[PDB]
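Here you get one chain, nothing else, as structure tokens; it is the form solved without carnitine (152).
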């Protein structure tokens, strides 16, 4: 017995997407660039033209696949993306600081966290995970079944992803890494029952004491390099039988727990921002960066000082499902243990050794150098907006997410003096195997709003009208995007369909306007969670920002990133303007 299958991802009508595209370009391209683009768009959609041919191609594809976009998206967005996954692909999450003060407290928490994941896994293994709903409609739960017991695998041309959860005899162990040393930890007894918290704690003590050495080679840091470099080093690494066995154990593990060293001197108010760095990239070659396996889909991180969080491989899922799993786990850690497994002898967790040769050492050194450059160029800040959360916008009958997005547009305009291509993730989970699509936060309504907000010749009454119009318009774009009515994925599809049809790239995609539209100076995402956490990721362009937030009832946790190589961007500065924009908007509405 089961409810009806989810609707299939739709292909939107050609003219609808093209009209929306032209409207989204208006505030971020010049008048002449727009005029030229309109010409190209009309050429593209002319009767009997290229556009209609590609459109029929996608409609055909939708009739022959479970989701016309799923395979293409996984391939183009992740598997064929060759930049390192660290910072540029794998999002990190920071949890509230834990109160443990000694090793006992640290390991008790790590054990509870582990037990929590195994509890969640009961639903994955039995396919009994409850279906989530949005606006009365069921959502696809496929992403949740890709998180555990999975791992990305480097390839010379493109990467692949392995999921061992439904094999003949699925893995029964996690992997724990401490001071760069990996250990295979069975978390189920011979009869298939769990280890309980007490038993896991006992095993973690053994692992801890078996890895006190701090001068081992950080083999794991190899996973942080450019995908072509890692594919090369990976092939070399697994030539040795022992190395291959160790790599296989790591790849097959349910998940990985990283027992981190405490970061450098605090340096005061920059504590939260530095911990975010620890969760996203590890902090450095001499830190915590080698205490990982970035190909692993799920890595939980627990440091000695109480700083905790996770970093996940992006090919498997989106932010919302990841933090939902996190919420479940954290909630579990707060409940009292009800049943302790019978006391029985426990084996010694197996240390996964690596035989290092000069070649491998050389690859390790190159990986350390590459990552150092990456980390030094990352500018990340975390800001807790304590003034209000979802409560205020709701009291004004405005969508909190749309309110926040318009505040960001205002902050950006106040710094730059112009609007910019902006991306906000939309979840397509109402559809079978749906992932994401784009919400275009920069619009003519948002532009009109930001231009009038600080104009002393405009009445307070008109500023309020323009503000509400921009917020409501954004919410409109949001709701349509979630219903599969946006246009960005559709345009990508038409582009990929042309490749499959052996036709040259249509002019609309080689147009200056499209380049501008796809160059997101602001790439954003709302990732709500019950736990007071925050997610973060690096910008998608050298001169852009990455902005992520978790709106709570009375406050909002924000994450903002930028690259130091671009002198025009600064995360802390944008954060400051964002804080004032939010406050100014509340002040205007409340008057």
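Positions refer to the first chain, counted from 1.
From this point on, the text means the form solved in complex with carnitine (152), which you will not see here.
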Looking at heavy atoms inside 4.5 Å, which stretch does carnitine (152) contact in the deposited bound form, given the options 517 to 525, 352 to 360, 143 to 151, 271 to 279?
517 to 525
Spell it out for me: taking carnitine (152) in the deposited bound form, does every residue among 314, 318 and 436 have a heavy atom no farther than 4.5 Å from it?
yes
In this chain shown alone, the residue from 40, 540, 566, 62 with a heavy atom within 4.5 Å of carnitine (152) in the deposited bound form is 540
Looking at 180, 208, 73, 388 here, can you tell me which has any non-hydrogen atom within 4.5 angstroms of carnitine (152) in the deposited bound form?
73
With the partner left out here, check for me: in the deposited bound form, does some heavy atom of residue 425 sit within 4.5 Å of carnitine (152)?
yes
Quick one: is residue 292 in contact with carnitine (152) in the deposited bound form, heavy atoms, 4.5 Å cut-off?
no
Would you check, heavy atoms only and a 4.5 Å threshold, whether residue 296 touches carnitine (152) in the deposited bound form?
no
Can residue 234 be called a contact residue for carnitine (152) in the deposited bound form at 4.5 Å between heavy atoms?
no
Though the partner is not shown here, which residues of 108 to 135 have a heavy atom within 4.5 Å of carnitine (152) in the deposited bound form?
none
